[PDB]
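Visitor: with the input below, show me the fold.
(one chain, ligands or ions: 4)
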Amino acid sequence: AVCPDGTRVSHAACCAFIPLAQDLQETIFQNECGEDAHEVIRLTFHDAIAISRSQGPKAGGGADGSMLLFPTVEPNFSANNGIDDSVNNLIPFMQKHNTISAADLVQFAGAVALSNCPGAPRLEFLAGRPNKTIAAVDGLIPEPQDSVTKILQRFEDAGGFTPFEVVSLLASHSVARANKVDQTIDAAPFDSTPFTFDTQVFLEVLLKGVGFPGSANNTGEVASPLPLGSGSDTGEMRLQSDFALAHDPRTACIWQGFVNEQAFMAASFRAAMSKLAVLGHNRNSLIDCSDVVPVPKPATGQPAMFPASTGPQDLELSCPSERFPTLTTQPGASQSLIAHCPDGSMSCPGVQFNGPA
Ligand code: HEM
Ligand SMILES: *[C@@H]1O[C@H](CO)[C@@H](O[C@@H]2O[C@H](CO)[C@@H](O)[C@H](O)[C@H]2NC(C)=O)[C@H](O)[C@H]1NC(C)=O
Ligand SMILES: [Ca+2]
Ligand SMILES: [Ca+2]
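Guide: Numbering: from 1, shown residues only. Ligands and ions are numbered 1, 2, ... in the order given. Please see the structure below:
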């Protein structure tokens, strides 16, 4: 087909997503892998994972746009703390680009947000999900304090995800921060490069913890290897779940397998996301609109490296069957502060709309 802007697209139904991508970029992302982008990527997962094979259809419809359609229900469950901001930012687009369903909107927005992160893959995007569903039940969202067994069961019950696909999905923590785990601090990064879709998160979770970014008594949080922060540049935070998956016999070698393996990590993430994005639907009933997802920002191609103040001697390895790669260490006697803003500054508030959530 060919859209009203000369863009030759695969199917005419995909044309509507072009003006949406531009609107999302201009209004809330500003072509960067910042605050608003991170929040939308998180929403993609929270919307999709609320489904259960054992409990049946009444438990939730998966990637159905339920968070936007029933803003006063799910956003208020304990496990969805902080999701309100992304819901209120997306609702305005639902009302404007009214030919696109709330469900399609959520998945597409995530694909657009991710493309702003250097090193991220170009996600597959299928369209045609219904604009009608039910509000999901509480308890279907995994939490930081959950055990690996509980986490693995949840993903299996949601869509038959194997442990490999579960760890692959966690590559998203390479461009993630926390605002609710500790109420005394904001935007605590999970890795030293929160604006880069690289393999640092896999490396940094394997280092010995030496302190905490803020309080040391938070549910679902364990000691961090790079806790130093100053002003707006908050220190690195480490979640119990990420730590637990890095050391459990079932997932340890998978987790290590991604260290310094950029192409492998990105490809595996893309694959896992293809399954996640269609939970609650039959992919044979959705149109392929992948050619409408923006081309992702390229990375520099540099290898993973130990951040300043850490080295090979600080590793807590759990995979007995695989040799850990030889990586270099960045020079410096002390830990470098992790930048709060993608431009290096400490002042960069993302656009935020008020809404029902
Ligand atoms: C075992 C599963 C997971 C657990 C327990 C988990 C837990 C968390 C927690 C506690 C936060 C901090 C939120 C806050 O306090 O502000 C977070 C943030 C985030 N997570 Fe996960 N996560 C999981 C899986 C995933 C997956 C599969 C995705 C998406 C593909 C994802 C994407 C994100 C992103 C992008 C953020 C950052 C939000 C921001 O920077 O504002 N997570 N996650
Ligand atoms: C999907 O459902 C939503 C929720 O009912 C629809 O949203 C309304 O859209 C109109 C414009 O078309 C706005 O004036 C309303 O205010 C919206 N309602 C809310 C609560 O935001 C949306 O139009 C529907 N879209 C499709 C493609 O069916
Ligand atoms: Ca949902
Ligand atoms: Ca990163």
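
Visitor: phi, psi of the residue of the stretch 51-200 of the chain found nearest ligand 3?
Guide: Closest to ligand 3 within the stretch 51-200 of the chain is residue 66: 3.6 Å, counting by C-beta to the ion. Yep, even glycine has a C-beta here, placed from its N, CA and C like the rest. For residue 66, the backbone dihedrals (degrees, to the nearest 10) come out as phi -60, psi -30.

Visitor: ok, residue 233 next?
Guide: phi -80, psi 90.

Visitor: name the nearest residue to it, sequence neighbours excluded.
Guide: Leaving aside its sequence neighbours, residue 233 sits nearest to residue 337 (C-beta to C-beta, 6 or more residues apart in numbering; 4.2 Å).

Visitor: check whether the strand or helix carrying residue 153 contacts ligand 3.
Guide: Per DSSP states H and E, residue 153 falls inside helix 148-159. No: Helix 148-159 is not in contact with ligand 3 by C-beta under 5 Å from the ion; minimum separation 10.8 Å.

Visitor: helix or strand right after that helix?
Guide: Where DSSP H and E defines the elements, the next helix or strand beyond helix 148-159 is helix 163-169.

Visitor: contacts for that next one next, please.
Guide: The contact list for helix 163-169 (C-beta atoms under 8 Å, 6 or more residues apart in numbering) reads 45, 151-152, 155, 161, 245, 250-251, 254-255, 258, 265, 268-269, 271-273, 275-276.

Visitor: go on, stretch 340-353?
Guide: Residues from elsewhere that reach stretch 340-353, judged by C-beta under 8 Å, 6+ apart: 27-28, 32-36, 85, 88-89, 91-92, 187, 195, 231-234, 339.

Visitor: now the terminal residues of stretch 244-252, how far apart.
Guide: End-to-end distance of stretch 244-252: 9 Å, with C-alpha to C-alpha, to the nearest Å as the criterion.

Visitor: next one: stretch 172-182
Guide: In stretch 172-182, first residue to last residue: 20 Å (C-alpha to C-alpha).

Visitor: starting at the chain centroid, how far to it?
Guide: Stretch 172-182 sits 9 Å away from the centroid of its parent chain (C-alpha atoms, centre = their mean, to the nearest Å).

Visitor: re earlier: what subset of the contacts of stretch 340-353 is buried?
Guide: For the contacts of stretch 340-353, a burial check counting by 16 or more other C-beta atoms under 10 Å picks out 28, 32-36, 85, 88-89, 91, 187, 195, 233-234, 339.

Visitor: how about the residues you listed, which pair is most distant?
Guide: Among those, the pair separated by the greatest distance (C-beta to C-beta) is 91 and 233, at 31.6 Å.

Visitor: and ligand 2, which of the contacts of stretch 340-353 contact it?
Guide: For ligand 2, the contacts drawn from the contacts of stretch 340-353 by C-beta under 6 Å from any ligand atom are residue 91.

Visitor: sitting in helices, which of the contacts of stretch 340-353 do you find?
Guide: 35-36, 85, 88-89, 91-92 (DSSP state H).

Visitor: closest to residue 177 among those?
Guide: Out of the ones in helices among the contacts of stretch 340-353, the member with the shortest distance to residue 177 (by C-beta to C-beta) is residue 35, at 8.1 Å.

Visitor: from ligand 3, how far off is the closest one?
Guide: Counting by C-beta to the ion, to the nearest Å, the gap between residue 35 and ligand 3 amounts to 23 Å.

Visitor: could you find the closest non-adjacent residue to that residue?
Guide: Looking at residue 35 with C-beta to C-beta, 6+ apart, the closest residue is residue 350, at 3.8 Å.

Visitor: can you check residue 55 too?
Guide: Spatially, and ignoring its direct neighbours in sequence, residue 55 is nearest to residue 137 (7.4 Å; C-beta to C-beta, 6+ apart).

Visitor: check contacts around that neighbour.
Guide: Applying C-beta under 8 Å, 6+ apart to residue 137 gives the contacts 50, 55, 58-60.

Visitor: same question, residue 74
Guide: When contacts are counted by C-beta under 8 Å, 6+ apart, residue 74 touches 46, 50, 66-67, 80, 83, 135-136.

Visitor: mind checking which helix or strand the closest residue to ligand 4 within the stretch 201-350 of the chain is in?
Guide: Residue of the stretch 201-350 of the chain nearest ligand 4, by C-beta to the ion: residue 201 (5.9 Å). Element membership for residue 201 (DSSP H and E) is helix 200-204.

Visitor: hmm, that helix in reach of ligand 1?
Guide: No: using C-beta under 6 Å from any ligand atom, helix 200-204 stays clear of ligand 1, with a minimum separation of 10.8 Å.

Visitor: which helix or strand lies directly C-terminal to that helix?
Guide: strand 221-222.

Visitor: who does the helix or strand following that next one pair up with?
Guide: Following strand 221-222 in sequence order, the next helix or strand is strand 238-239 (DSSP H and E). Using DSSP bridges, strand 238-239 pairs in its sheet with strand 221-222 (antiparallel).

Visitor: does stretch 277-297 reach ligand 1?
Guide: No: figure legend: stretch 277-297 not in contact with ligand 1 (C-beta under 6 Å from any ligand atom); closest approach 9.9 Å.

Visitor: can you map out the strands along the stretch 251-357 of the chain?
Guide: For the stretch 251-357 of the chain, applying DSSP state E, counting those that start in this stretch gives strands covering 287-288.

Visitor: so which residues of it form helices?
Guide: Assigned by DSSP state H, counting those that start in this stretch, the helices in the stretch 251-357 of the chain fall at 252-257, 262-276.

Visitor: to ligand 3, which of the ones you listed lies closest?
Guide: Once these are compared by C-beta to the ion, helix 262-276 is nearest, at 11.4 Å.
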